[PDB]
Amino acid sequence: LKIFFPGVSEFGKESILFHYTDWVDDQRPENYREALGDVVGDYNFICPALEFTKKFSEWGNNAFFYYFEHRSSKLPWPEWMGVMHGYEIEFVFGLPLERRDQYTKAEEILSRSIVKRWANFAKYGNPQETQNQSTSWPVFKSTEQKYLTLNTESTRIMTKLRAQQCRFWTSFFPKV
Amino acid sequence: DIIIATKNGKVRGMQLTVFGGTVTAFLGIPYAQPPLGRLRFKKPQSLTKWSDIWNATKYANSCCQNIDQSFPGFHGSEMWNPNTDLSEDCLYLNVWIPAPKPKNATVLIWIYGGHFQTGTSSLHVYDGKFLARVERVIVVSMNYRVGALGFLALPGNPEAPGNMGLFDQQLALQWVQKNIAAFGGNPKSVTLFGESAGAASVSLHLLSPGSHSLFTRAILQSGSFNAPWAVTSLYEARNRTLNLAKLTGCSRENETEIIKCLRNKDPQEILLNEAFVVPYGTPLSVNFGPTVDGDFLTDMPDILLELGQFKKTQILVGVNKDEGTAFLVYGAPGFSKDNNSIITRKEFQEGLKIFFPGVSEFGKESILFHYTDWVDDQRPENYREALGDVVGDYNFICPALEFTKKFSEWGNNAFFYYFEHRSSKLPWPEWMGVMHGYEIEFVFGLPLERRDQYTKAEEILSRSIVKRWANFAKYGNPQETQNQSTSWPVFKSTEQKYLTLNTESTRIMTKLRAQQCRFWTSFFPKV
Amino acid sequence: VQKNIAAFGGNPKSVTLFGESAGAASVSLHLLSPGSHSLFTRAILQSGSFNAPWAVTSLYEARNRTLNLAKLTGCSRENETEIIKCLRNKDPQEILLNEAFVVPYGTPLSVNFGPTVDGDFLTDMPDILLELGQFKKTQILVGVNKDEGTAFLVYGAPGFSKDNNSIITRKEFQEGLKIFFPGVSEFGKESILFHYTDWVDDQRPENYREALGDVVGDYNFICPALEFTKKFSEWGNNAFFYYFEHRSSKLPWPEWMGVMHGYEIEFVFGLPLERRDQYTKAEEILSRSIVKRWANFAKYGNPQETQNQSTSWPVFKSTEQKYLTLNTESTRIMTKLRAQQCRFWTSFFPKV
Ligand SMILES: *[C@@H]1O[C@H](CO[C@H]2O[C@@H](C)[C@@H](O)[C@@H](O)[C@@H]2O)[C@@H](O[C@@H]2O[C@H](CO)[C@@H](O)[C@H](O)[C@H]2NC(C)=O)[C@H](O)[C@H]1NC(C)=O
Ligand SMILES: *[C@@H]1O[C@H](CO[C@H]2O[C@@H](C)[C@@H](O)[C@@H](O)[C@@H]2O)[C@@H](O[C@@H]2O[C@H](CO)[C@@H](O)[C@H](O)[C@H]2NC(C)=O)[C@H](O)[C@H]1NC(C)=O
Ligand SMILES: *[C@@H]1O[C@H](CO[C@H]2O[C@@H](C)[C@@H](O)[C@@H](O)[C@@H]2O)[C@@H](O[C@@H]2O[C@H](CO)[C@@H](O)[C@H](O)[C@H]2NC(C)=O)[C@H](O)[C@H]1NC(C)=O
Ligand SMILES: *[C@@H]1O[C@H](CO[C@H]2O[C@@H](C)[C@@H](O)[C@@H](O)[C@@H]2O)[C@@H](O[C@@H]2O[C@H](CO)[C@@H](O)[C@H](O)[C@H]2NC(C)=O)[C@H](O)[C@H]1NC(C)=O
Ligand SMILES: *[C@@H]1O[C@H](CO[C@H]2O[C@@H](C)[C@@H](O)[C@@H](O)[C@@H]2O)[C@@H](O)[C@H](O)[C@H]1NC(C)=O
Ligand SMILES: *[C@@H]1O[C@H](CO[C@H]2O[C@@H](C)[C@@H](O)[C@@H](O)[C@@H]2O)[C@@H](O)[C@H](O)[C@H]1NC(C)=O
Ligand SMILES: *[C@@H]1O[C@H](CO)[C@@H](O)[C@H](O)[C@H]1NC(C)=O
Ligand SMILES: *[C@@H]1O[C@H](CO)[C@@H](O)[C@H](O)[C@H]1NC(C)=O
Ligand SMILES: *[C@@H]1O[C@H](CO)[C@@H](O)[C@H](O)[C@H]1NC(C)=O
Ligand SMILES: *[C@@H]1O[C@H](CO)[C@@H](O)[C@H](O)[C@H]1NC(C)=O
Ligand SMILES: *[C@H]1O[C@H](CO)[C@@H](O)[C@H](O)[C@H]1NC(C)=O
Ligand SMILES: *[C@H]1O[C@H](CO)[C@@H](O)[C@H](O)[C@H]1NC(C)=O
Ligand SMILES: [Cl-]
Ligand SMILES: [Cl-]
Ligand SMILES: [Cl-]
Ligand SMILES: [Cl-]
Ligand SMILES: [Cl-]
Ligand SMILES: [Cl-]
Ligand SMILES: [Cl-]
Ligand SMILES: [Cl-]
Ligand SMILES: [Cl-]
Ligand SMILES: [Cl-]
Ligand SMILES: [Cl-]
Ligand SMILES: [F-]
Ligand SMILES: [K+]
Ligand SMILES: [K+]
Ligand SMILES: [K+]
């Protein structure tokens with residue numbers, strides 16, 4: 001935390017450890033490895049993205065939010081790193097559509113689907129895949145805060161991503 | 001030394017040490033006349049007063065039943081076989097109360113499953129001492145008649161009117177109304193709970209007028225009476241009573257003549273013949289179960305459900321992630337508990353023949369169409385997974401979801417859970433997942449026992465489920481209010497919010513198995 | 001009262017409980033106790049509710065204390081009835097003398113022996129009953145005083161005195177927290193100072209004196225009263241909330257103490273209605289008005305003063321959270337008392 005929150009008061013740093021190290025539970029030897037990743041990702045990316053999305057949509061425009069959760073089968077980084085920063089991109093540009101290229105069948109299908117939704121958003125303002133009996137992407141409203149998950153297995157409509165974590169980053173942390 | 005005076009006389013119990021505290025157990029209190037001789041196949045009769053201290057210090061006889069001999073020496077299957085002598089003299093119940101003796105405690109009444117052909121209140125996964133200790137509720141459970149001895153029907157005729165095992169359960173609830181205040185319990189605060197056929201039973205007490213005033217609320221784990229296995233048509237029922245007659249050389253036809261012959265026969269002959277009353281059974285067959293008797297059940301239950309004719313109260317309903325797997329190893333080809341069970345297209349089709357015996361060709365193609373549109377790779381376990389899901393969706397999950405909507409549409413609060421944790425002690429192999437029946441040890445709190453092998457995270461899940469169950473019984477609302485828990489939203493058709501139960505993150509989700517149940521619920525009943 | 005009050009001219013069907021502090025916490029527990037449901041109609045809670053952190057003893061602390069009392073009186077045994085019987089030989093003084101020491105660290109707010117979950121009067125942890133709507137359904141009237149905390153600062157906070165202005169330092173404030181939050185982790189205590197010492201602004205030499213009073217009053221009285229009021233009203237009953245802000249002109253405590261804990265009471269019982277007695281005219285009028293509203297609440301479930309063109313007392317709803325102020329000058333309808341402070345006490349603090 002000292003590396004990521006250089007100065008940042010002592011109390012600020014204790015706050016983070018308090019919020020993120022109330023274990024459920026066993027120990028669970030990777031507990032602390034997981035917490036630090038989540039701290040860095042929640043503060044820097046996920047909470048500011050969710051706060052942007054609410055504030056924007058409160059002025060009456062349609063907004064769509066996704067939670068990308070597929071780990072590339074070609075990721076050269078090790079497994080504890082999971083679905084890393086930057087590794088949706090090859091999916092959005094369609095590299096798994098190339099058969100010559102090592103990706104799984106199920107990865108081809110996820111890319112084809114993401115490519116379609118991106119394009120429908122650009123052409124028509126609405127990121128649906130309309131033909132292959134796909135899960136319908138609900139708009140984001142503060143209040144409900146529905147988002148769509150992107151993965152090879154089952155895509156889901158979920159609500160209030162990282163609710164408890166972002167209350168901390170967004171309401172309490174800017175104070176310290 | 002610790003003795004309680006009931007309406008029918010004194011009963012002695014026994015002290016138990018549980019987590020540094022004490023629970024009083026009254027094991028094996030009789031609740032009806034032994035149903036022997038001229039009383040076989042009749043409704044339970046009420047008990048004559050004893051002067052005596054009746055000694056409720058050991059579990060009592062289980063009811064007569066066929067036993068699962070498919071995997072001898074295997075804990076996975078044998079933990080469900082009866083653990084007391086079998087005997088027609090089996091109408092007994094158990095009471096666990098906390099110590100110190102409570103003032104006006106909520107009562108939880110457990111009704112076991114077993115497809116109405118099997119089961120018993122004395123199994124270690126139904127031991128209520130943990131709930132009494134931890135939540136200070138009183139736990140009661142009863143043995144009720146199963147198989148022909150419990151559900152043989154010749155409708156209208158009181159020698160064998162049908163539904164005797166359900167009247168057994170009823171008569172026990174009656175005993176709680178009349179006697180539980182003597183034990184420190186509140187007859188005005190009773191929640192029924194049960195699993196599988198036990199759950200289907202709870203659902204029928206919601207529909208039976210004679211049961212309306214004998215409980216407050218209800219919990220249904222993996223079962224509801226609209227499951228395709230739960231109610232026997234009046235037609236199938238006579239065909240079966242008549243086939244049983246034939247098989248025992250008891251064919252007559254002053255129909256009371258038949259029943260009387262059947263009362264000379266002894267329990268073994270009856271039990272041996274039960275399996276063959278149907279031309280094709282399945283691993284899910286209920287040869288003898290609930291019927292429309294015009295007594296316990298006044299009309300076809302789907303109709304009562306649909307038209308709002310049931311007790312108005314809160315319900316808590318749930319199912320397990322892999323309800324179907326457990327049944328695949330009792331006759332689907334290419335399945336085994338001792339390997340990974342990768343099956344072929346061809347094995348899947350025969351599998352459907354085993355589970356959907358007749359069932360037209362087109363019906364069976366429908367199922368394969370709905371469930372084998374792959375996403376995608378192949379994925380060698382595709383067909384193994386589809387068959388489990390077929391069996392679980394049809395038999396448990398969709399009927400539970402349809403029950404929950406129809407009930408809640410008449411304006412009561414309903415709560416739905418999707419249980420998704422695999423026990424770390426499960427003796428069945430991994431491809432079987434979160435099997436039918438394996439939430440129960442969590443609900444009764446066995447992981448709260450530290451001596452016992454479960455993980456820390458399993459202890460915490462059990463403590464949390466126990467709390468929510470109890471809050472539901474006492475207050476009609478299954479929240480865990482203190483440990484910053486996920487709030488359990490009510491089920492409404494429209495939203496259809498349910499809660500997931502697992503060790504990692506519990507979630508609010510919507511429309512469980514939406515695409516699968518449209519198929520089972522709207523299209524399949526047509527074929 | 002149920003059995004005998006009709007003989008005196010009273011209506012057993014129209015009984016309102018009222019009380020202050022622990023008396024108020026008591027009223028709140030009769031709202032939760034089934035044996036009390038049929039022994040009153042309505043309830044008034046002045047500066048107290050059972051969810052205040054001082055009001056209920058855990059089953060654990062309670063045995064530790066009963067056992068410490070045994071030790072201290074040379075009554076340690078352990079056929080536990082043996083303990084009680086020894087304690088009945090002791091005489092009241094020995095018992096009273098020893099009470100203070102049953103806890104390792106008390107505070108000026110310590111309740112050594114108080115309500116517990118007995119499985120009789122109280123069937124479950126009261127927060128749970130509150131949260132799940134298990135209490136008598138009826139109207140409540142709930143309130144607090146502007147300076148609930150000050151009175152306690154002179155029973156052990158350093159740099160405080162009833163005989164001077166009590167300007168304390170940063171350092172005195174921190175030790176003050178040590179006195180009131182005995183253990184309470186270091187981080188918990190820093191949290192409090194962070195929430196309450198972000199100054200607006202000048203310095204303002206009484207800053208730290210004011211913060212400590214507010215800390216004690218917010219944690220112990222005001223936030224638990226507001227949380228009680230929301231949770232209760234969410235189950236559909238009318239609730240009325242007041243913020244009492246008048247300092248008695250006869251208060252013998254000094255001025256920095258303000259509108260202290262306990263000093264609404266003489267107003268509610270009508271002592272300023274006595275002309276012989278030193279109170280101002282404007283104090284007479286405030287008392288006459290409070291007396292009327294209390295009585296209208298008891299008789300009719302609605303604390304209005306209907307004749308003298310008075311400010312109309314709106315019901316409390318979570319969402320709006322309207323409350324009425326009581327003072328001699330202008331009575332006001334205001335919203336969300338102590339909003340920013342209670343978020344801290346109610347959502348963050350129970351975690352630490
Ligand atoms: C209604 O009754 C008959 C009864 O048939 C059965 O006789 C029993 C004693 C038993 O041994 C059983 O195995 C036997 O089948 C059923 O008719 C039977 O149907 C099958 C399958 O189509 C035929 O091949 C049988 O030979 C035929 N038997 C006889 C004697 O006619 C009928 O299907 C059944 N329906 C039920 C129980 O739901
Ligand atoms: C998994 O096992 C099944 C189940 O039946 C078998 O139990 C095994 C442990 C095995 O040792 C075998 O001797 C026993 O019969 C296998 O299904 C069987 O497959 C065989 C040939 O392998 C067929 O000819 C049988 O009809 C069929 N038997 C039964 C009783 O249904 C299954 O093939 C095997 N699958 C694996 C290893 O993936
Ligand atoms: C639960 O019980 C013990 C009891 O300790 C106390 O003994 C009493 C008779 C009394 O005189 C009291 O002053 C004394 O502390 C508590 O353990 C104590 O904790 C303190 C502070 O950490 C230690 O420094 C003491 O020496 C220790 N005493 C002993 C004898 O072990 C415990 O904290 C308590 N908890 C409660 C009452 O909430
Ligand atoms: C206000 O008074 C306090 C309280 O204690 C004191 O009472 C005073 C009226 C005074 O006459 C004094 O003799 C008596 O102790 C003062 O706190 C004290 O400050 C002294 C030095 O002034 C410290 O050394 C003491 O530890 C502390 N005493 C106690 C008992 O807590 C306080 O300083 C004073 N403040 C003013 C005038 O603003
Ligand atoms: C025990 O409580 C009785 C009523 O309590 C229940 O009220 C029901 C309607 C239902 O809500 C339950 O869940 C409640 O707990 C009361 O009438 C009895 O007098 C009480 N008996 C005692 C204290 O001995
Ligand atoms: C006295 O009044 C009795 C009822 O009056 C009360 O009704 C309650 C429900 C409650 O609203 C109170 O605040 C009401 O004042 C009545 O039944 C008695 O008969 C009366 N007794 C007499 C006149 O002697
Ligand atoms: C959907 O259908 C087929 C797979 O059967 C696929 O080849 C096609 O490109 C898919 N389209 C999209 C947008 O995913
Ligand atoms: C019942 O159990 C106790 C054993 O503790 C015994 O003393 C009592 O008389 C027994 N009654 C029997 C065996 O009938
Ligand atoms: C919640 O808190 C603690 C774990 O810190 C646990 O021991 C307690 O029993 C829990 N209660 C419930 C209902 O889960
Ligand atoms: C209101 O009117 C007069 C003051 O003009 C006063 O004497 C009377 O008692 C007042 N009533 C109340 C309820 O305040
Ligand atoms: C056939 O026999 C009985 C004698 O048990 C007789 O009363 C009646 O005539 C017939 N049965 C019925 C059920 O009516
Ligand atoms: C210890 O002593 C009492 C006698 O007062 C006796 O009845 C019992 O065995 C023990 N106490 C309790 C509370 O059971
Ligand atoms: Cl999809
Ligand atoms: Cl939600
Ligand atoms: Cl133990
Ligand atoms: Cl799933
Ligand atoms: Cl084919
Ligand atoms: Cl949770
Ligand atoms: Cl949805
Ligand atoms: Cl103020
Ligand atoms: Cl400092
Ligand atoms: Cl006014
Ligand atoms: Cl406002
Ligand atoms: F079952
Ligand atoms: K999350
Ligand atoms: K699903
Ligand atoms: K304020």
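Side chains included, hydrogens not; waters and symmetry mates left out as well; all remaining heavy atoms used. Letters A, B, ... are given to chains in the order of the sequence lines, protein chains preceding strands, and every chain is numbered from 1.
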CG on A:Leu150 to CZ on A:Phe91, rounded to 0.5 Å = 10.5 Å

Using atom types as modelled and no hydrogens or angles, find all donor-acceptor pairs between chain B and chain A shorter than 3.5 Å.
{"residue": "B:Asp377", "atom": "OD2", "partner": "A:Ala106", "partner atom": "N", "Å": "3.1"}
{"residue": "B:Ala457", "atom": "N", "partner": "A:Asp26", "partner atom": "OD2", "Å": "3.1"}

Of B:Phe419, B:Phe327, B:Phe403, the one forming a ring-ring contact (aromatic ring centres under 6.0 Å, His included) with B:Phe396 is B:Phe327

Taking only residues two or more places apart in sequence, or in another chain, which ones meet A:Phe121 in a ring-ring contact (aromatic ring centres under 6.0 Å, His included)?
-> none

Is any side-chain heavy atom of B:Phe335 less than 4.5 Å from a side-chain heavy atom of B:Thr325?
-> no

Applying ring-ring contact (aromatic ring centres under 6.0 Å, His included), name anything that partners A:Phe93, two or more places apart in sequence or on another chain.
-> none

Pairs where residues 67-147 of chain A contributes a residue and the test disulfide bond (SG atoms under 2.5 Å apart) is met, not counting sequence neighbours | none

